[PDB]
Every structure is written in C-alpha cells, then in structure tokens.
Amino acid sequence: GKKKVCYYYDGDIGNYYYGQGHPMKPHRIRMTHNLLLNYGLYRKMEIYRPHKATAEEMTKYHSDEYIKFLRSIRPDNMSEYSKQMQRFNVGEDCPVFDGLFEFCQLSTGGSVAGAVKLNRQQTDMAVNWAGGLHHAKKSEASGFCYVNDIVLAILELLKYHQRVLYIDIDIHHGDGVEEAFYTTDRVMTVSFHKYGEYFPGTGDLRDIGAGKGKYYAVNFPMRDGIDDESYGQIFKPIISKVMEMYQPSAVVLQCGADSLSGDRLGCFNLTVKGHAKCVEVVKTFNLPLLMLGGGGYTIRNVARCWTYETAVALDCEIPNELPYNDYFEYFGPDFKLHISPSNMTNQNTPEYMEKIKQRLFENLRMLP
C-alpha cells in the first residue's frame, strides 16, 4: 500500500553557483521544493534538513588527499593549487566555486541520512533531490560531480543489506558508481544511458563487471530520441528480471532528469510521465528505496519531473494545472505540470531495443 516517505532538503542548496555559462544549476532543487510545497506535498511527507557530511564520512570512499583538497580550495587561493587541480580534474566541468565544500556536504548529507533512516526501518522511501552525483571517483571530480554521495549512501546500506541494487536513469552512464562496485557482487549496478560519441564514453553493453563482480554490472546503451513507449518496452522487463535473479534487500534509484525531452544537454524524448513510470516500477517491488536526483539542465522541466516523482512516491494524485509559486513565470507559456514530447526521430528501433534486452537477459542467466 502507501508508504512512509522522508524527504531531505536544505534551504541554502539553491544559492550555490557553478558560474556563468555552467549548465549545472543548484537553483533547480529550490524550484522543485517550492513547487512541491505549493502542491501541498508537505502534508504527508516527513521533511528533514540534512547534516553537513564530514570529511571523515566522505573518506569512507574518497581518498584523504582528495577530500583535504576539496575542503581547502577556494576561488581566492586557486593559484596555489594548479598542480592538485589538474590531478583531481578540477577545471571547466568541475570548477572551483564559493562554498564548493559545503555544497558537497549537503548533497552527501541528504543521501547518507536517507540511507541511515532506511537501515533503521524508520521509512519505506527516502528522497534527496540534491544527490545522485554519479560521476565522482575515489580521487577525481568528473562531470559536475565532486563527491559521490551515491557510493557513500550504498556503503551505508551495505552495513545492514547483503545485496543492494543501484538503478540509474540519468541520460549519462553512471560510471563512478559502476567503477566503485565493479569487482563486488554485493551491489548490482544497472544503467540506461545514451552511448556513442557522448560523455563520459563508458557503459558499453559488453562492460559486465570483473572478478567476483562479473555479471553484476548491467549497461543498456541507447541512441538519440528514445520515447516513453520504447523506454517502457524494456525498463520493467529488465528490472523484473534483475529483481528475480539478484533478490536485493534495498534499492537506490538515480532519477537524473536530463533524459527528458527538451533537455539542454540531453538527446532523449521522454515525458515526465515516461520518466516517472520508472519510479512506479521500482516502487512496486516493496523494497527500502533511496531516490536521488542527478542531471537535468532545462530547469523548469527538472522541477516538474521531481515534483511529479515525489507525488508518485507518496501515491498522491496532483493536478496538471500548476499551483501559483515563487517561480511561476519559469513554467510558461502553458503553466502545466506535464510536458509534450518533441518531433525528434527515435533512433532506437523496436528491433534494436529487443536485441539489447535479449543480450542483457543472456548475462542475467549467468547469476547464481
């Protein structure tokens, strides 16, 4: 039936600024919050302000030197860290900005606090829209990500759960999470992403894990223009097969909204309903679930998407007519919650979708 939902948000998150021209806008988290407050979604949800994760909590995965660097660098002292910046990939994609470390602490705090709440059996679902920064590596920032809150939250879930399933619906391959757990069978990573002349360049169908982790990494490579029909054709059958064979006791779902139609960086054609159908599918398995954010670069659509996915988590129907809110003008000319797909061609033929699904099914047959 209906589940208890705990939601993590810090009112300062929207003030962090990556810089002029940078597509990552933390303000979209504040737009999501304001929209869901104006729809009345706060009435059946426990809202918590995450603690600022310590350097010590972050070093459960990241190197001591990398976290010390993140804690020390500032725009005013950047000139003295040119060597470490190159070493840690801090530059155009992952710039130095005022409050960078505090931003990482809040993003991470929400994910780890949600995992603790799930471990204590005090909630069925935990939501942290400020998390899902899937590209960060042990000693390297990458793709707008500095601290991998997902890996840290999974490490927390591993204290009480033998097997944890990670599902990533961001348009980009979840490389940092896949790499962290590549040689273990205690985490199965499943990523659906655009593959081919696209960042980060990894996530080939043939990358299935290594050593004890062989068959525990699943990658579904897609082409431009995937729509609700095509995505729905493979998501439920793949997740159902993974659930059947792997039998996880907890799930982490990265809900990157850059897979929506009209995204500034993405090339997919999903609507908010098509994207949210993934949340509905995962929720049906009745397992402890940590829902996280991620990409999303047309910020009015990110707010619509995550507001609707929070409503899905709560089993609350919300009207298509947007309620008045602090960012109402961003939602014109229609002022509706749901979006229409574009006329872009879907390069993912039905035959291609079935063929990739059959190859993934062959790999899933190799599990014990």
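Don't overthink the numbering: it's just position in the shown sequence, from 1. The term rigid core refers to the most C-alpha atoms you can superpose between the two forms while keeping them within 1.5 Å.
Student: Comparing C-alpha positions in 9 other deposited structures of this protein against this form, with the rigid core used for the fit, which stretch differs more, 84 to 92 or 223 to 231?
Tutor: Farther on average in 9 other deposited structures of this protein: 84 to 92.
Student: Using only C-alpha atoms and the B-factors in the entry, which stretch averages higher, 77 to 85 or 156 to 164?
Tutor: Between 156 to 164 and 77 to 85, it is 77 to 85 that shows the higher mean C-alpha B-factor.
Student: Mean CA temperature factor from the deposited coordinates, higher in 103 to 111 or in 227 to 235?
Tutor: Looking at the recorded C-alpha B-factors, 227 to 235 comes out higher on average.
Student: Between 170, 92, 175, 149, let me know which has the highest C-alpha B-factor in the entry?
Tutor: By C-alpha B-factor in the record, 92 ranks first.
Student: Please work out which residue in 128, 247, 259, 219 has the highest C-alpha B-factor recorded for this crystal structure.
Tutor: Highest C-alpha B-factor among the listed options: 247.
Student: Give the position of residue 196 by CA B-factor within its chain, expressed as the lowest, middle or highest third.
Tutor: Highest third, going by the recorded CA B-factors of the chain.
Student: Sorting the chain's modelled residues by C-alpha B-factor, tell me whether residue 71 ends up in the lowest, middle or highest third.
Tutor: It belongs to the highest third of the chain when residues are ordered by C-alpha B-factor.
Student: What third of its chain's C-alpha B-factors does residue 121 belong to: lowest, middle or highest?
Tutor: Its C-alpha B-factor belongs to the highest third of this chain's values.
Student: Rank-wise, by C-alpha B-factor, drop residue 42 into the lowest, middle or highest third of its chain.
Tutor: As the PDB entry reports it, the C-alpha B-factor of residue 42 lands in the highest third of its chain.
Student: Please rank the C-alpha B-factors of the chain's modelled residues and tell me whether residue 284 sits in the lowest, middle or highest third.
Tutor: For residue 284, whose C-alpha B-factor we compare with every modelled residue in the chain, the answer is the highest third.
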